[PDB]
Amino acid sequence: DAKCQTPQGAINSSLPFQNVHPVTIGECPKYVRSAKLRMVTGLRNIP
Amino acid sequence: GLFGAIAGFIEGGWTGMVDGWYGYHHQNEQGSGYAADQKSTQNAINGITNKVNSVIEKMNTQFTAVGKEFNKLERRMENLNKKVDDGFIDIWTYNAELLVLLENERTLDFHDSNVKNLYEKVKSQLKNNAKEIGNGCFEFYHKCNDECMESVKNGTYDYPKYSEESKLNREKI
Amino acid sequence: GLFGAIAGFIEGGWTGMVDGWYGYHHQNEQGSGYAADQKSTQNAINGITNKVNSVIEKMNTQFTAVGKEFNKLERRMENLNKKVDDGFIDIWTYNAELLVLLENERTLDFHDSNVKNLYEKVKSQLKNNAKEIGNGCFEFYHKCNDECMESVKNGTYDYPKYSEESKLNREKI
Amino acid sequence: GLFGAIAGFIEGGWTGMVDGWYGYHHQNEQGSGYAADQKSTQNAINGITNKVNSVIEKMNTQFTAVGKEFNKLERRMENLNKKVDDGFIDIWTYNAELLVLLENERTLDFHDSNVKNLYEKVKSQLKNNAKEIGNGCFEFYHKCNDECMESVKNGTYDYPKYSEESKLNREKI
Amino acid sequence: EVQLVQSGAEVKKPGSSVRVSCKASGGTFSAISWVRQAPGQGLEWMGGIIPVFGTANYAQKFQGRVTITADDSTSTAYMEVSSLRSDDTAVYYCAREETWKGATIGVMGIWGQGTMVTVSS
Amino acid sequence: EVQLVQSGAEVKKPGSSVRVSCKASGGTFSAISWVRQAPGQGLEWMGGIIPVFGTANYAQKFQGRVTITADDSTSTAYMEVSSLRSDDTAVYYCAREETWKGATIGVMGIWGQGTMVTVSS
Amino acid sequence: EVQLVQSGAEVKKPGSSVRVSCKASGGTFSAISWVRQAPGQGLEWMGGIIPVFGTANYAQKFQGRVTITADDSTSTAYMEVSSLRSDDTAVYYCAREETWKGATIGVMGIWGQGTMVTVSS
Amino acid sequence: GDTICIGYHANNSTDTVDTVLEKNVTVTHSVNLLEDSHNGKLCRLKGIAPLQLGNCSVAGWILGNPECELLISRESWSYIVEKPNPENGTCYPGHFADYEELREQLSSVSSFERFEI
Amino acid sequence: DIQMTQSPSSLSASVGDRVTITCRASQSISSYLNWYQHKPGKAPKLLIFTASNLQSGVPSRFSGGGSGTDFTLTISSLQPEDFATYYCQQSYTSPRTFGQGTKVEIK
Amino acid sequence: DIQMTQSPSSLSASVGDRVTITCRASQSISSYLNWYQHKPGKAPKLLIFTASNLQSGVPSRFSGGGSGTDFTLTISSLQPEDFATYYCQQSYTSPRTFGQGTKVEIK
Amino acid sequence: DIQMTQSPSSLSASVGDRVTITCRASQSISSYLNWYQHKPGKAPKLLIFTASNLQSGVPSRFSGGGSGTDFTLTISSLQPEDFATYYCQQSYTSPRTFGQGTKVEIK
Ligand SMILES: *[C@@H]1O[C@H](CO)[C@@H](O)[C@H](O)[C@H]1NC(C)=O
Ligand SMILES: *[C@@H]1O[C@H](CO)[C@@H](O)[C@H](O)[C@H]1NC(C)=O
């Protein structure tokens, strides 16, 4: 049920940032040349 | 750590916190535990969910982002298309990375502000009934049953009925 | 509500505030009213005006933003122009909406910080002369005429000449 | 000035501060000086360095940003290239100027928060041992040698061994 | 307004596993809730995850037998119940947790449409 | 430096309305002030609005007779005075409220140029 | 990981000036430190600037004789020592002040490679 | 008893993120907005299967190649697929005028009725 | 962990009447209540969330209220398109427990 | 509501003299004063805003001052291009009242 | 201004032993220490920064510690590729002073 595809596989995801490949057919997120856009969503691990 | 609660005057987190974010540890006579603060953590989770979903949904969707191909005589067109694609990618990378970093900082000091606001909320509710210590903890002067927690986490901590007890314990001799 | 003054420990706003934002309500003997805090609201209005005008003026102006037209043989050119226009529009929509949202939040907690800073300013000026209550209100121990307001809103509230009166009223018996 | 320490309740800066940002002025009996607060200023300098270097490095590098040239029959191509270059420049100017302004504000209230957090840190360490005054200064009740500074800037200010002295000086008669 | 499109209708023998999808329309990170509509009985919340915590909370009478996973990449919630039994015959409803006042947690907001899951012979 | 271009010169009979513009050069949200220069008399501020509050404040001897509206869309201030009378013959000056230290309120900053409005026969 | 490329090897007569570069690979605003490796002796930090303060701090036995300037535009640190003397024969190492946990100050992080500067006849 | 204590949630997670005031900082929960996974294969888009040209160029099937006549003669597609530099493209050598324009136009078709004039 | 005891169990009324549905909770759930109407053979859908707020696209005839262990839902008037069973949910602490169901039927 | 009483009413001087213009206010307006020179037949324009700051593109010979109910404007020296009437404005509270006007004329 | 006195001056060991390098400081430098190994004829490079943290791409056999005026660096075991002199730096206050150098050589 892919909503967009790259040459090296289909991005089944629906998030706005992808680094798989610039060429993206479909309603697909925009390419990002980075490797880690991990947004924090919680606290700081200080055990 | 703009507000300086998390990693500030609350040195370390709690591993047993599993139900909510901004919990408690009531080492009272009747027992113990890590009962969360439902209102504050619910509002905080709501806020982060709005933040993330706004990041996702505001990105509009169109059916193509693919650079076309050109033969050996449209090197102008190929270089122009590469310039557009690369400039769009460069702008998106700069904007997305500076966003990710900036609202990472906003998320950190927002959690800091939640712990802060909770701390001053409890401090205002208690005023001088319970002395403060390090790590953001507290020390109730009066005898304190589970009804304390009921009043503290519902915000209805009536100061006067426990006032004189604290006044006695201020010196105790 | 990062600083937690507005919608925090000041539960509700005032409908009668018409001259300024961060006013007062001096329910003293000589009368009442909603005299504003001219310095703080003037500085705040200045700040929001700088924010909005910077949002307007920094946007440069050029004489065209119109996609040209192409016949049935420049489908490459038409698709490329549509890609440029749509990518510019997409970047502008993402940036503008994330801005609008982000400095909406900055405006909210900036108003929160103004009410906060005002609250700690008055609290520091009064120290323990006037006890604190909920809703960000206050309670002067000493007899307090209109000259109080003159000194409070000019910042020249001299503590010592009202100190002993508050000390008497601390217990009053 | 969101947190209202710098230009808030600390009216003016110090010209003699040359080693660090958030220093002190210990006008004690043994001498004086402007010894910095090494931990806080080191962390702050680290933070601003991360901010600036992230602004530099996240900007990707490509080997061209030059608009090509076109003859008198590709006015479509020339106008399109001008539109792309001018739109990229317009987006970059808006984004860069709004960034510069926005994290200028973030830098200002981050320095404000550092001075703040330092102020509440010292206030919590001292509690009521030393009374507060304007300008963010302090007034130790007890006799206070250089070891005070050692304990204050290392955070190990043990309250109890100086507690009773302050209690005596509270009234002194 | 996220148009939730759950899976189709299916039947299986007792003592097996089930797969009911909650494929949404747009990327979303609000919580997920699942409820059972057994004929003649009322609603009861079985399990659910919050994409913020990431932990999977469950009813204290259901844990172990039921698992919920929803990859953040596709935001599509999956519904697994091991060891199916006959009285679990019901229609299943999936909630996306999104009201008008933004994505709020502790509510249901919009709802699914229903997936008929009847366990019998 | 916003080049304010006010309206032209006009005359009208007593007991009517007037329309004096304060068309600016660039979009701006600073306050607006209007002042009367009657020959032989000094300046006096009549009315003005703040695009932040949106309320229209006025002099306590002028309210009702004079109204000020400035649509935020064009940032062009409009000048209306009902029931014109002869002694209101003057030249009108419009202030944009913008100094070197950003848009500050409570000052005048840059000024207009003047619109001759003389009420006579 | 900034690939620092310092200058080449050079020799000069006593009583003159020296120019040792610390050309980096990418734009960076972390501090700069310089250290002397005299044969048979240990490391000792001579001088350095912080692009945040902008002030140029120095060892209390070296100030005046040595100056450090690093234009923020190119982020390339320059090494000047006036009145060279023979016992200053050594190899020079430049530090960019950048560890894994971001640009931290008070550490050395990555280092240069070495520039042979021998003062003799 | 006494001793209430405000605190915050810690856990055994080891996820780390990068902020604008610090790099590689450990958090409790996070989310990867970046996408770095794929199915590795080709399937339908918008509900319609894409065209499949096994070792055939766009000209190879648009101009019916004898080697490319084994195509799956479907009716609609969401995007066509070409092998990188396919061998059996135009069997007769030559120049395909406006080839790129034709490829851009034929990328999507909702109904493809192979007639004969 | 907390049971949502609907009260009354089931009544009947006509078009344009006064009906009250009371949700009773053992433990205090603050104000994180809900109010779901469930048409027979249809997807459930809420009316009041957080015990006071009103969902968008809902007639104003429904007005929730109450906090702690006593809550309410005051319908201004009954129309022939809002006859169904009613459930109240708690979300102050997990697990989330629904109610019994109070049906309204043509008198 | 607050009247700006200029003092002195009107004096005359020459090129390079010492002149002081005093603005008196009934109620304390803190430090939100202004100082406008009005060339005859020209658009007015300010010199000192907030009673201390100096407008850009203005000779430094003008130096305002004072706060509360007593203010001042100390001209370092007079040149033949700054002879006009002078007004002081209050903006601490509305309404905004201008002054009377102190002219300086060739002695 | 603060001298970094390395102790012991110099010892020798073999592959897989227990060695401790102690850095002594006159004035308390809090925890802003470093630990540099200097291969003979090679660029120096640090191991432990801030006296506790571990540099990326370094074997875990090195574990720093201590704070104030007493510090340490506890090597879990010795391998033939980490034999060199060791220096400790202070950065709590300027100037930045290095150490003497503790060499380890094949026993
Ligand atoms: C989407 O594709 C991914 C491939 O990794 C798969 O794991 C996931 O189950 C798919 N989801 C749906 C809803 O098809
Ligand atoms: C963390 O602990 C939980 C329960 O204690 C466990 O389920 C999980 O696998 C652990 N994760 C790691 C990375 O240790």
# chains A, B, ... in the order shown; residues from 1 in each chain; ligands from 1
call {"tool": "closest_atom_pairs", "arguments": {"of": "chain H", "to": "chain D", "cutoff": "7 Å", "atoms": "only C-alpha atoms", "output": "tab-separated table"}}
result
residue	atom	partner	partner_atom	distance
H:20	CA	D:51	CA	5.1
H:21	CA	D:47	CA	4.5
H:22	CA	D:50	CA	6.3
call {"tool": "select_by_dssp", "arguments": {"residues": "range 32-114 of chain E", "states": "strand (DSSP E or B)", "output": "MDAnalysis selection string"}}
result
chainID E and resid 32:37 45:49 56:58 63 66:71 76:81 90:95 98 109 111
call {"tool": "residues_around", "arguments": {"residues": "residue 99 in chain F", "least_positions_apart": "5", "cutoff": "7 Å", "atoms": "only C-alpha atoms", "output": "list in words"}}
result
residues 104, 109 and 110 of chain F
call {"tool": "residues_near_ligand", "arguments": {"ligand": "ligand 2", "cutoff": "12 Å", "atoms": "only C-alpha atoms and all ligand atoms", "output": "number ranges by chain"}}
result
B: 15-18; E: 54-56; H: 10-15, 28-29
call {"tool": "residues_around", "arguments": {"residues": "range 107-115 of chain B", "least_positions_apart": "6", "cutoff": "10 Å", "atoms": "only C-alpha atoms", "output": "ChimeraX atom specification"}}
result
/A:39-44 /B:1-8,10,21-23,40-41,43-44,47-48,51,101,121,136 /C:1-4 /H:6-8,19,27
call {"tool": "residues_around", "arguments": {"residues": "residue 14 in chain E", "least_positions_apart": "2", "cutoff": "9 Å", "atoms": "only C-alpha atoms", "output": "compact mmCIF listing (two decimals) with N, CA, C and O atoms, in the first residue's frame"}}
result
# COMPACT_ATOMS: atom_id res chain seq x y z
N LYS E 12 -12.15 -16.42 12.20
CA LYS E 12 -11.09 -17.39 12.43
C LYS E 12 -11.53 -18.38 13.51
O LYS E 12 -12.43 -18.10 14.31
N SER E 16 -6.20 -18.86 17.99
CA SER E 16 -5.36 -18.37 16.90
C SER E 16 -5.13 -16.88 17.13
O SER E 16 -5.44 -16.36 18.21
N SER E 17 -4.60 -16.19 16.13
CA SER E 17 -4.31 -14.77 16.20
C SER E 17 -5.15 -14.00 15.18
O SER E 17 -5.63 -14.56 14.20
N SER E 83 -4.81 -16.55 21.22
CA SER E 83 -5.74 -17.50 21.82
C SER E 83 -7.18 -17.00 21.76
O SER E 83 -7.82 -16.74 22.78
N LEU E 84 -7.68 -16.84 20.53
CA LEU E 84 -9.05 -16.39 20.35
C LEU E 84 -10.03 -17.41 20.93
O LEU E 84 -9.80 -18.62 20.90
N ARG E 85 -11.14 -16.89 21.46
CA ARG E 85 -12.21 -17.70 22.01
C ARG E 85 -13.56 -17.16 21.57
O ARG E 85 -13.68 -16.02 21.10
N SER E 86 -14.58 -18.01 21.71
CA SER E 86 -15.87 -17.78 21.06
C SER E 86 -16.56 -16.52 21.57
O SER E 86 -17.09 -15.73 20.78
N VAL E 119 -15.79 -15.08 16.26
CA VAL E 119 -15.07 -16.33 16.49
C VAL E 119 -16.12 -17.41 16.75
O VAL E 119 -16.84 -17.36 17.75
N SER E 120 -16.20 -18.38 15.84
CA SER E 120 -17.16 -19.47 15.95
C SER E 120 -16.69 -20.60 15.04
O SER E 120 -15.57 -20.57 14.51
N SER E 121 -17.55 -21.61 14.87
CA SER E 121 -17.24 -22.76 14.02
C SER E 121 -17.83 -22.59 12.62
O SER E 121 -19.04 -22.44 12.46
call {"tool": "residues_near_ligand", "arguments": {"ligand": "ligand 1", "cutoff": "10 Å", "atoms": "only C-alpha atoms and all ligand atoms", "output": "ChimeraX atom specification"}}
result
/A:1-3,9-14 /E:21-24,70-71,73-78 /H:36-40
call {"tool": "atom_distance", "arguments": {"atom1": "CA of residue 87 in chain H", "atom2": "CA of residue 61 in chain H"}}
result
12.8 Å
call {"tool": "residues_around", "arguments": {"residues": "residue 64 in chain B", "least_positions_apart": "3", "cutoff": "10 Å", "atoms": "only C-alpha atoms", "output": "CSV table (one decimal) with C-alpha atoms, in the first residue's frame"}}
result
chain,number,residue,atom,x,y,z
A,4,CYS,CA,5.4,7.0,-2.4
A,23,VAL,CA,14.0,10.9,-6.5
A,24,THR,CA,10.6,10.3,-4.9
A,25,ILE,CA,7.4,9.5,-6.9
A,26,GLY,CA,4.1,10.2,-5.2
A,27,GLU,CA,2.8,12.3,-2.4
A,28,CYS,CA,6.1,11.8,-0.8
A,29,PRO,CA,8.1,13.8,1.8
A,30,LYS,CA,11.0,16.0,0.8
B,61,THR,CA,1.8,17.0,0.0
B,67,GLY,CA,14.1,15.8,-11.1
C,79,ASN,CA,6.4,20.9,-15.0
C,83,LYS,CA,7.8,22.5,-9.4
call {"tool": "residues_around", "arguments": {"residues": "residue 38 in chain F", "least_positions_apart": "6", "cutoff": "12 Å", "atoms": "only C-alpha atoms", "output": "VMD selection string"}}
result
(chain F and resid 44 86 to 93 114 to 119) or (chain J and resid 41)
call {"tool": "interface_residues", "arguments": {"of": "chain G", "to": "chain D", "cutoff": "8 Å", "atoms": "only C-alpha atoms", "output": "PyMOL selection string"}}
result
chain G and resi 26-30+52+102-106
call {"tool": "write_last_selection", "arguments": {"atoms": "N, CA and C atoms", "output": "mmCIF file, in the first residue's frame"}}
result
data_model
loop_
_atom_site.group_PDB
_atom_site.id
_atom_site.type_symbol
_atom_site.label_atom_id
_atom_site.label_comp_id
_atom_site.auth_asym_id
_atom_site.auth_seq_id
_atom_site.Cartn_x
_atom_site.Cartn_y
_atom_site.Cartn_z
ATOM 1 N N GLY G 26 36.685 23.073 7.919
ATOM 2 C CA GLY G 26 35.384 23.701 7.860
ATOM 3 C C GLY G 26 35.291 24.850 8.846
ATOM 4 N N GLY G 27 34.361 25.760 8.559
ATOM 5 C CA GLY G 27 34.119 26.896 9.428
ATOM 6 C C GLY G 27 33.751 26.457 10.829
ATOM 7 N N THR G 28 34.448 26.988 11.830
ATOM 8 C CA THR G 28 34.258 26.558 13.206
ATOM 9 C C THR G 28 34.588 27.752 14.097
ATOM 10 N N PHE G 29 33.879 27.869 15.229
ATOM 11 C CA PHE G 29 34.108 28.940 16.203
ATOM 12 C C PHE G 29 34.551 28.448 17.576
ATOM 13 N N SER G 30 35.044 27.223 17.675
ATOM 14 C CA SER G 30 35.576 26.754 18.935
ATOM 15 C C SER G 30 36.912 27.439 19.213
ATOM 16 N N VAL G 52 34.251 33.638 21.270
ATOM 17 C CA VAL G 52 33.074 34.151 21.957
ATOM 18 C C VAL G 52 33.461 35.430 22.686
ATOM 19 N N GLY G 102 29.815 17.918 21.162
ATOM 20 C CA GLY G 102 29.764 19.287 20.699
ATOM 21 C C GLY G 102 31.061 20.016 21.000
ATOM 22 N N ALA G 103 31.090 21.286 20.612
ATOM 23 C CA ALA G 103 32.235 22.145 20.890
ATOM 24 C C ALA G 103 32.226 22.536 22.361
ATOM 25 N N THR G 104 33.109 21.922 23.145
ATOM 26 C CA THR G 104 33.246 22.205 24.568
ATOM 27 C C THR G 104 34.560 22.939 24.792
ATOM 28 N N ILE G 105 34.568 23.839 25.771
ATOM 29 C CA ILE G 105 35.715 24.693 26.063
ATOM 30 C C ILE G 105 36.315 24.279 27.399
ATOM 31 N N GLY G 106 37.645 24.266 27.453
ATOM 32 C CA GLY G 106 38.392 23.725 28.569
ATOM 33 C C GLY G 106 38.973 22.351 28.317
#
